[PDB]
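To keep things clear, I will list the structure first and then write my remarks on it.
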Amino acid sequence: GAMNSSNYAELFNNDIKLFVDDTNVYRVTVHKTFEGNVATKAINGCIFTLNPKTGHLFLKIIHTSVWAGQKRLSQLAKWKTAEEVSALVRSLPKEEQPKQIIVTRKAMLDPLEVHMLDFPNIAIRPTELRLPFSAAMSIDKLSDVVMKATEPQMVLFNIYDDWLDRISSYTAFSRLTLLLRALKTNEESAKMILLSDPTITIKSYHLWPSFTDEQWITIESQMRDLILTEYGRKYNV
Amino acid sequence: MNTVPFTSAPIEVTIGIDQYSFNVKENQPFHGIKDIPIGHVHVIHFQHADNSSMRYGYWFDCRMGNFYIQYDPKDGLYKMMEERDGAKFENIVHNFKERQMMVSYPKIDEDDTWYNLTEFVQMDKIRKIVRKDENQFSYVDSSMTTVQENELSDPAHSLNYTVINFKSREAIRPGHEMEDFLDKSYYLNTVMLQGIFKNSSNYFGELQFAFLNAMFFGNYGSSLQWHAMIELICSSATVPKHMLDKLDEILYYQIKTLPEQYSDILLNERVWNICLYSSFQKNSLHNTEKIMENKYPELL
């Protein structure tokens with residue numbers, strides 16, 4: 001069934017599962033043509049496939065060449081997402097294949113269900129949670145590798161860096177979603193918070209700065225405060 | 001013109017023959033239905049005055065034998081049976097007519113309704129959906145479940161309709177995932193028409209039979225099958241022209257004949273709105289679309 005606040009801890013049990021977010025698969029800029037009409041130009045995108053227990057991220061880069069000569073691209077993007085997710089599962093050894101795939105947008109259920117017909121025991125689930133994974137391109141190293149790609153490419157990361165050496169998956173996922181919620185609501189401020197102190201660096205093999213435990217508490221407070229502010233601004237409350 | 005005599009009518013019951021029906025009172029002297037048109041399937045059905053649950057009845061074709069109805073007080077229902085003694089049967093049928101204790105199948109001569117509802121329905125195909133090969137006629141009732149329903153208990157009593165499922169390997173060629181899901185022509189034309197049904201007439205026959213079972217017995221799994229078989233055509237971009245024109249006529253008479261008060265449970269809003277207004281064949285069902293708007297605009 002659908003994933004929601006009630007069954008939220010299921011994400012951190014030992015059944016392998018993956019979130020699939022397709023929001024950044026088909027990305028355009030909108031511009032005016034010489035004659036004054038509107039046209040789009042595609043830029044590179046990505047499927048965001050994440051195991052919330054381990055942090056393993058399967059970033060499948062979607063090169064603009066995929067769209068060439070295709071119609072109804074927003075629809076096609078859903079099927080290409082499902083195609084690539086299905087290929088990823090096929091590429092994993094059996095013991096690593098997920099037992100569930102949770103799609104962040106309901107429009108993905110039928111495309112993935114159809115592409116996964118060979119895996120009847122992998123359950124495809126929607127979610128009622130409003131997850132912030134669209135802000136994934138606000139993480140500088142992800143945006144960089146997507147925009148530079150010259151061909152289809154799978155790049156692997158751990159989205160938790162080394163946090164699991166010191167915290168649980170539940171706390172790690174809460175930290176990640178908080179960081180991304182912030183980046184989504186006000187990227188400029190969120191990013192200012194993360195880098196204000198030049199003495200805290202990002203390891204070459206990490207995505208986020210190497211905050212000490214105490215500094216993560218201050219960070220997370222600063223991200224909470226950001227998110228509350230923006231809300232009063234949005235709704236005048 | 002053929003006859004289906006009744007031994008007696010011991011319990012108060014509404015009897016239907018095809019689209020007609022009569023109220024018969026407990027131990028009223030009723031002894032059958034005469035002037036039944038040869039050349040079509042027919043269905044005789046029952047709903048006891050005391051249990052307006054479990055409508056039940058029998059599909060038959062009078063060219064296949066002499067059939068009659070007898071109430072069973074052990075199993076509590078009107079049973080169809082075959083008389084093999086042709087002499088003994090004309091004898092029963094003639095004495096009941098002379099005594100005039102039989103209703104006449106009340107067909108207006110201007111009326112092609114039953115033909116139009118049963119054009120492609122064949123007794124031999126019905127008997128493959130309702131397997132019970134010691135009888136030449138077929139029992140159906142409100143509660144019988146289909147093979148597909150069972151898969152998601154007693155298989156002797158199942159409606160063995162052809163399983164249709166839009167998210168199955170059968171329906172979806174590997175590598176044409178998106179194409180086949182959005183354009184079911186492959187599934188319709190190669191898998192179902194050429195593969196299983198062999199021709200459009202057998203396809204239409206099952207579709208019509210499913211509708212009639214839904215209409216006459218409120219058989220819910222039959223309603224599911226009738227809608228499934230419509231949707232598969234309407235969701236195919238490439239359909240023989242003759243099937244579309246014929247489908248428009250089939251559906252028209254089905255919609256015409258449905259009791260007005262039952263549109264809610266028998267008609268699936270999603271399927272109809274998709275077929276009439278969103279599908280590839282939105283523009284190919286003009287008569288069906290016209291009668292649906294002027295009779296059930298609420299559903300749409």
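Starting from 1 in every chain, residues are counted up; chains themselves are A, B, ... following the order of the structure tokens, and ligands are numbered from 1 as listed.
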Which neighbours of range 47-49 of chain B fall inside 7 Å, counting only C-alpha atoms, when residues of the same chain fewer than 5 positions from it are skipped, and could you give them as a CSV table (one decimal) with N, CA, C and O atoms, in the first residue's frame?
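Okay, this is what ended up in out-v3.csv:
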```
chain,number,residue,atom,x,y,z
B,12,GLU,N,-44.1,-18.9,-5.8
B,12,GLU,CA,-44.3,-17.6,-6.4
B,12,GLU,C,-42.9,-17.1,-7.0
B,12,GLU,O,-41.9,-17.2,-6.2
B,13,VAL,N,-42.9,-16.7,-8.2
B,13,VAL,CA,-41.6,-16.5,-8.9
B,13,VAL,C,-41.8,-15.5,-10.1
B,13,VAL,O,-42.9,-15.6,-10.7
B,14,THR,N,-40.9,-14.6,-10.3
B,14,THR,CA,-40.9,-13.9,-11.6
B,14,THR,C,-40.0,-14.7,-12.6
B,14,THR,O,-38.9,-15.0,-12.3
B,15,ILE,N,-40.7,-15.0,-13.7
B,15,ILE,CA,-40.0,-15.8,-14.8
B,15,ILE,C,-39.7,-14.8,-15.9
B,15,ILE,O,-40.5,-13.9,-16.2
B,54,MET,N,-30.2,-13.9,-5.6
B,54,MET,CA,-29.9,-15.0,-6.5
B,54,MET,C,-31.0,-15.1,-7.6
B,54,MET,O,-31.9,-15.9,-7.5
B,55,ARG,N,-30.9,-14.1,-8.5
B,55,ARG,CA,-31.5,-14.4,-9.9
B,55,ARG,C,-30.7,-15.5,-10.5
B,55,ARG,O,-29.4,-15.6,-10.3
B,56,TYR,N,-31.4,-16.5,-11.1
B,56,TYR,CA,-30.7,-17.6,-11.8
B,56,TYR,C,-31.4,-17.9,-13.0
B,56,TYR,O,-32.6,-17.5,-13.2
```
Residues near residue 113 in chain A, cut-off 10 Å, only C-alpha atoms, skip fewer than 2 positions along chain, as a VMD selection string: (chain A and resid 82 86 101 108 to 111 115 to 120 122 to 125) or (chain B and resid 167 to 168)
Output the contact residues of chain B with respect to chain A at a cut-off of 10 Å, based on only C-alpha atoms, as JSON, numbers by chain. {"B": [166, 167, 168, 169, 171, 172, 174, 175, 176, 177, 178, 179, 180, 181]}
Since we have the selection now, will you write its residues out, keeping N, CA, C and O atoms, as a PDB file, in the first residue's frame?
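Printed below is again.pdb as written:
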```pdb
ATOM      1  N   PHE B 166      -4.485  -5.793 -18.587  1.00  0.00           N
ATOM      2  CA  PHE B 166      -3.690  -4.832 -19.338  1.00  0.00           C
ATOM      3  C   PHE B 166      -2.270  -4.714 -18.827  1.00  0.00           C
ATOM      4  O   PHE B 166      -1.425  -4.178 -19.552  1.00  0.00           O
ATOM      5  N   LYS B 167      -1.995  -5.201 -17.610  1.00  0.00           N
ATOM      6  CA  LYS B 167      -0.645  -5.161 -17.040  1.00  0.00           C
ATOM      7  C   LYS B 167      -0.127  -6.575 -16.840  1.00  0.00           C
ATOM      8  O   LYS B 167       0.132  -6.986 -15.709  1.00  0.00           O
ATOM      9  N   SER B 168      -0.003  -7.329 -17.934  1.00  0.00           N
ATOM     10  CA  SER B 168       0.443  -8.705 -17.904  1.00  0.00           C
ATOM     11  C   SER B 168       1.484  -8.894 -18.986  1.00  0.00           C
ATOM     12  O   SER B 168       1.513  -8.178 -19.990  1.00  0.00           O
ATOM     13  N   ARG B 169       2.299  -9.917 -18.818  1.00  0.00           N
ATOM     14  CA  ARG B 169       3.240 -10.235 -19.870  1.00  0.00           C
ATOM     15  C   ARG B 169       2.516 -10.502 -21.185  1.00  0.00           C
ATOM     16  O   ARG B 169       2.979 -10.084 -22.253  1.00  0.00           O
ATOM     17  N   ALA B 171      -0.076  -9.165 -22.403  1.00  0.00           N
ATOM     18  CA  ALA B 171      -0.520  -7.910 -22.995  1.00  0.00           C
ATOM     19  C   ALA B 171       0.621  -7.027 -23.476  1.00  0.00           C
ATOM     20  O   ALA B 171       0.388  -6.140 -24.306  1.00  0.00           O
ATOM     21  N   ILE B 172       1.833  -7.249 -22.969  1.00  0.00           N
ATOM     22  CA  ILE B 172       2.945  -6.330 -23.138  1.00  0.00           C
ATOM     23  C   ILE B 172       4.143  -7.075 -23.696  1.00  0.00           C
ATOM     24  O   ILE B 172       4.773  -7.876 -22.979  1.00  0.00           O
ATOM     25  N   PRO B 174       7.954  -7.536 -24.450  1.00  0.00           N
ATOM     26  CA  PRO B 174       9.218  -6.995 -23.920  1.00  0.00           C
ATOM     27  C   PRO B 174       9.922  -6.120 -24.946  1.00  0.00           C
ATOM     28  O   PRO B 174      10.185  -6.542 -26.072  1.00  0.00           O
ATOM     29  N   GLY B 175      10.204  -4.881 -24.554  1.00  0.00           N
ATOM     30  CA  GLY B 175      10.780  -3.892 -25.436  1.00  0.00           C
ATOM     31  C   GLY B 175       9.773  -2.941 -26.037  1.00  0.00           C
ATOM     32  O   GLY B 175      10.151  -1.865 -26.506  1.00  0.00           O
ATOM     33  N   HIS B 176       8.500  -3.314 -26.041  1.00  0.00           N
ATOM     34  CA  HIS B 176       7.428  -2.412 -26.420  1.00  0.00           C
ATOM     35  C   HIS B 176       6.570  -2.048 -25.216  1.00  0.00           C
ATOM     36  O   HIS B 176       5.373  -1.793 -25.370  1.00  0.00           O
ATOM     37  N   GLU B 177       7.166  -2.046 -24.018  1.00  0.00           N
ATOM     38  CA  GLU B 177       6.439  -1.727 -22.801  1.00  0.00           C
ATOM     39  C   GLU B 177       5.517  -0.549 -22.998  1.00  0.00           C
ATOM     40  O   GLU B 177       4.301  -0.664 -22.849  1.00  0.00           O
ATOM     41  N   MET B 178       6.091   0.608 -23.316  1.00  0.00           N
ATOM     42  CA  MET B 178       5.279   1.809 -23.394  1.00  0.00           C
ATOM     43  C   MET B 178       4.322   1.747 -24.571  1.00  0.00           C
ATOM     44  O   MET B 178       3.170   2.184 -24.475  1.00  0.00           O
ATOM     45  N   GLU B 179       4.832   1.324 -25.718  1.00  0.00           N
ATOM     46  CA  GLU B 179       4.008   1.303 -26.923  1.00  0.00           C
ATOM     47  C   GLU B 179       2.775   0.416 -26.720  1.00  0.00           C
ATOM     48  O   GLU B 179       1.645   0.829 -26.997  1.00  0.00           O
ATOM     49  N   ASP B 180       2.988  -0.816 -26.262  1.00  0.00           N
ATOM     50  CA  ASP B 180       1.885  -1.745 -26.079  1.00  0.00           C
ATOM     51  C   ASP B 180       0.945  -1.307 -24.965  1.00  0.00           C
ATOM     52  O   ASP B 180      -0.254  -1.571 -25.044  1.00  0.00           O
ATOM     53  N   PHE B 181       1.441  -0.633 -23.919  1.00  0.00           N
ATOM     54  CA  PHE B 181       0.530  -0.227 -22.847  1.00  0.00           C
ATOM     55  C   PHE B 181      -0.374   0.896 -23.313  1.00  0.00           C
ATOM     56  O   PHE B 181      -1.569   0.910 -23.004  1.00  0.00           O
TER      57      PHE B 181
END
```
Between CA of residue 281 in chain B and CA of residue 238 in chain B, distance in Å (one decimal): 9.3 Å
Would you list the contacts of range 170-183 of chain A as a PDB file with C-alpha atoms, in the first residue's frame, taking every protein, DNA or RNA residue within 6 Å and counting only C-alpha atoms, but skipping same-chain residues closer than 6 positions in sequence?
```
ATOM      1  CA  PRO A 132      11.997  16.903  -1.191  1.00  0.00           C
ATOM      2  CA  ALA A 135      16.092  19.516  -4.682  1.00  0.00           C
ATOM      3  CA  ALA A 190      20.249  26.971   2.670  1.00  0.00           C
ATOM      4  CA  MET A 223      17.779  24.726   8.558  1.00  0.00           C
ATOM      5  CA  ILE A 227      11.996  26.468   6.752  1.00  0.00           C
TER       6      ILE A 227
END
```
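Between CA of residue 221 in chain A and CA of residue 127 in chain A there is a distance of 26.9 Å.
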